[PDB]
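Chains as they are written, first to last, in the deposited numbering: chain B, 1 to 213; chain A, 1 to 101, 109 to 138, 145 to 224. This report concerns only the one structure given below.
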Ligand code: NA
């Protein structure tokens with residue numbers, strides 16, 4: 001089976017940059033080379049077919065070149081909606097095979113997060129569990145520190161974080177931090193707070209609630 | 001326009017079997033070759049195989065010929081994937097695709120097949136209530158296997174929506190949250206409902222989120 005190799009495997013670039021990705025085939029595949037774009041959480045989409053032919057409705061900023069064993073995919077001027085993993089695919093011999101993909105990330109200016117805290121719902125409390133959620137919305141860079149505070153004291157409980165992929169419109173991230181406590185433990189404290197540190201924040205931001213209020 | 005909708009994904013025990021279906025619309029299915037491609041979580045794309053219109057040519061990637069049998073029903077405009085004696089390495093999102101020109112111009116959204124010895128569990132859905146911009150959401154807790162899909166107001170609300178990747182909890186069950194930012198003046202005015210679908214357990218929940 002023809003082995004397809006892409007380079008770089010990952011890259012960060014800024015809006016407006018010319019971006020070039022390479023694909024190399026283990027044997028000559030003439031011009032039977034296709035490029036796909038896979039946006040976060042979406043299915044791949046055909047961009048280029050037969051090395052250099054733009055598929056219907058694909059922006060003019062995308063182009064392809066090469067022959068035999070070496071191919072290039074170019075974005076003339078990177079746009080925020082271009083955040084994706086790009087794959088080459090040989091269509092010369094069966095089985096059809098893909099390159100391992102090139103993950104394209106965007107570097108942009110610092111954006112501070114908007115912070116929100118959510119108490120556990122009375123519906124969840126009736127079941128015996130309490131999940132407290134802290135949301136850090138639309139920030140950049142990815143690096144952030146979230147600290148849970150219970151009654152103005154540091155809490156060392158079960159907290160898990162989840163981070164979205166970069167947004168296709170503004171290249172920001174969002175993050176959730178969830179503190180899970182039993183209903184019995186949730187009731188041992190009154191003030192629940194999450195404290196956020198990020199490059200865009202001159203001093204830490206705290207969002208809090210009072211249990212029962 | 002061309003539409004490809006995969007169904008049948010869920011939990012498969014190791015050594016187990018499952019049939020996937022890809023229902024189509026917007027084209028004369030009987031005139032086209034059809035294919036399957038898979039993608040393991042966080043990995044690359046793997047071509048499984050293809051079937052020609054009258055099913056006289058069925059081609060597979062050699063390494064997967066035992067695990068898969070491709071078929072089609074031109075009368076029902078449906079492509080099938082019979083999965084046989086699955087292994088942990090077969091956990092992936094399975095995409096049906098339409099070849100054209109040797110390129111795959113249309114792809115479905117895919118269906119996730121998880122190969123595991125655990126059991127299926129539907130989620131519990133809870134509101135994340137607020138108190145210029147406000148945030149609200151839904152907590153989708155304790156489910157297995159992945160995935161859950163979340164929409165807001167039956168798809169009418171899309172701007173400002175963030176559905177977080179699921180986290181594996183200490184219990185071995187998944188949990189995720191879906192959030193949306195809205196104008197704070199709309200909190201008393203507009204109704205907010207998250208629509209949660211967990212296809213592996215056939216769980217559908219609509220939860221109204223109020224401040
Ligand atoms: Na934009």
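We put the beta carbon where it would ideally sit given N, CA and C, even for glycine.
- For residue 73 of chain B, the nearest beta carbon of chain A is not closer than 7 Å to its own beta carbon.
- Under the three-state reduction of DSSP, residue 212 of chain A is assigned to helix.
- Excluding the 5 residues flanking it on each side, residue 58 of chain A has same chain C-beta neighbours closer than 6 Å at 51 and 70, in chain order.
- For residue 86 of chain A, same chain residues with a beta-carbon under 6 Å away, outside a window of 5 residues either side, are 12, 16 and 122 in chain order.
- In chain order, the residues positioned with their C-beta nearer than 5 Å to some heavy atom of the ligand NA are B:80 and B:169.
- For residue 193 of chain B, the closest alpha carbon among the candidates B:211, B:2 and B:25 is that of B:211.
- Within the DSSP bridge table, the entry for residue 175 of chain A names A:192 as partners.
- Under DSSP, residue 6 of chain B takes part in a beta bridge, and its partners are B:23.
- Going by C-alpha positions, residue 145 of chain A is about 39 Å away from residue 62 of chain B.
- In the structure shown, residue 124 of chain B adopts helical secondary structure according to DSSP, grouped into three states.
- If you ignore the 5 residues before and after residue 47 of chain A, its C-beta comes within less than 6 Å of the C-beta of 37 and 61, all in its own chain and listed in chain order.
- In its chain, beyond the 5 residues on either side, 53 and 98 have a beta carbon closer than 7 Å to the beta carbon of residue 32 of chain A.
- Nearest CB-CB separation between residue 204 of chain A and chain B: not below the 7 Å threshold.
- Against chain A, the CB of residue 100 of chain B has a partner CB under 7 Å away; the residue lies at that interface.
- Going by beta carbons, residue 27 of chain B and residue 2 of chain B fall inside the 7 Å limit.
- Listed in chain order, the alpha helix (DSSP H) elements of length 4 or more contained wholly in the segment 119-206 of chain B are 122-125 and 183-186.
- The Cβ neighbour count for residue 186 of chain B, taken over all protein chains shown within 10 Å, is at least 16; the residue is labelled buried.
- The C-alpha of residue 188 of chain B is placed about 43 Å away from the C-alpha of residue 88 of chain A.
- Taking 7 Å as the CB threshold, residue 148 of chain A lines the interface with chain B.
- Counting of Cβ neighbours within 10 angstroms places residue 82 of chain B among the buried residues, the total reaching 16 or more.
- By the rule that beta-carbons nearer than 7 Å mark a contact, residue 141 of chain B does not touch chain A.
- With 16 or more other CB atoms across the displayed protein chains lying within 10 angstroms of its CB, residue 222 of chain A is buried.
- Residue 7 of chain A has its alpha-carbon roughly 31 Å from the corresponding atom of residue 124 of chain B.
- At a C-beta separation below 9 Å, residue 175 of chain A has these neighbours in chain B: 135, 137, 138, 164, 167, 174 and 176.
- Residues 83, 84, 85, 86, 87 and 90 of the same chain have their beta carbon placed closer than 8 Å to that of residue 67 of chain A, with the five preceding and five following residues left out of the count.
- Between residue 117 of chain B and residue 134 of chain B, the CB-CB gap stays under 7 Å.
- Separation of residue 213 of chain A and residue 128 of chain A (C-alpha to C-alpha, rounded to the nearest whole angstrom) is 8 Å.
- Closest in C-alpha terms to residue 19 of chain A, from the list A:26, A:171, A:190 and A:10, comes A:10.
- For residue 112 of chain B, not one C-beta of chain A is nearer than 7 Å to its own C-beta.
- For residue 51 of chain B, the closest C-alpha among the options B:87, B:145 and B:39 is that of B:87.
- Burial state of residue 18 of chain B is exposed, judged by a 10 Å Cβ sphere holding fewer than 16 other Cβ atoms.
- Looking at A:178, A:101 and A:118, the one whose alpha-carbon comes closest to that of residue 81 of chain A is A:118.
- Separation of residue 140 of chain B and residue 79 of chain A (C-alpha to C-alpha, rounded to the nearest whole angstrom) is 43 Å.
- If you look at residue 24 of chain A, you'll find it in the beta strand (DSSP E) that goes 18-25.
- For residue 163 of chain A, the CB contacts under 6 Å within the same chain, skipping 5 residues up- and downstream, are 176, 191, 207 and 209 in chain order.
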